[PDB]
Amino acid sequence: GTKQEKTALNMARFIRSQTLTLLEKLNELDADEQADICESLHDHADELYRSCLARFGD
Amino acid sequence: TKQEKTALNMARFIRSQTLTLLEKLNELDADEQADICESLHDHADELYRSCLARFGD
């Protein structure tokens, strides 16, 4: 129902923001390999978020 | 350092949360989204293991 859809959409949103924050932290730590993997992870998180918005965004 | 541990904890959290969300999408029968989420969780697992080797202990 609406509650479950909203929770899922909200999780997809904070996951996307957390990948960006983590990428920023990894870059600050000069953790280059991890930053690279995290940057791709942010692409994937964006893809999931858009997909969730399409179904649950009302 | 505490900053490295912050990064590590965040990587672990993204792995845990993409797992939870995968299961919730499965419960919604939201298959297109679940497929994307499972791949996202694969990559979150990868990032975590890389960060753990670098920053852990």
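Residues numbered from 1 in each chain as written, not as in the entry; some residues may be left out. Chains lettered and ligands numbered in written order. Heavy atoms only, no water. Residues with missing side-chain atoms left out of burial classes, pairs and counts.

For this entry, the PDB record names X-ray crystallography as the structure determination method and reports a resolution of 1.55 Å.

Asker: I would appreciate a short explanation of the packing of aromatic side chains in the present structure.
Answerer: Each aromatic ring pair is characterised by the separation of its centres together with the angle its planes make. Enumeration according to the criterion identifies one aromatic pair over all chains in this entry. Ring geometry for A:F14 versus B:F13: centroids 5.8 Å apart, planes at 15°, classification stacked. One end of the pair, A:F14, is in helix α1 (residues 2-28); the other, B:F13, is in helix α1 (residues 2-27), on a second chain. The class of B:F13 is partly exposed, set by a relative accessible area of 33%. (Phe/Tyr/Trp six-rings, centres within 6.5 Å; stacked < 30°, edge-to-face > 60°. Helix = DSSP H or I, 4+ residues; strand = E, 2+ residues; numbered from the N terminus. Buried < 20%, exposed > 50% of the residue type's maximum accessible area, 1.4 Å probe, protein only.)

Asker: How do you make sense of the environment of A:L53 when you look at a structure like this?
Answerer: Following the sequence through the fold, A:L53 ends up in helix α2 (residues 32-56). Spatially, the C-alpha atoms of A:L53 and A:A8 are 9.8 Å apart, while their sequence positions differ by 45 residues.

Asker: Please clarify how the nonpolar core should be interpreted in this entry.
Answerer: One broad trend across soluble globular proteins is that nonpolar side chains are buried collectively. Formed by 33 residues in total, the largest nonpolar core has its most connected members in A:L22, A:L26, A:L48, B:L21 and B:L25. If you list the elements that add at least two residues to this core, you get α1 and α2 of chain A together with α1 and α2 (31-55) of chain B. Among the elements that take part in this core, α2(B) stands out by supplying nine residues, more than any other. With residues near it in sequence (within four places) discarded, A:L22 still touches A:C38, B:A7, B:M10, B:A11, B:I14 and B:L47. (Core = buried A, V, L, I, M, F, W, Y, C linked by side-chain atoms within 4.5 Å. Contact = heavy atoms within 4.5 Å.)

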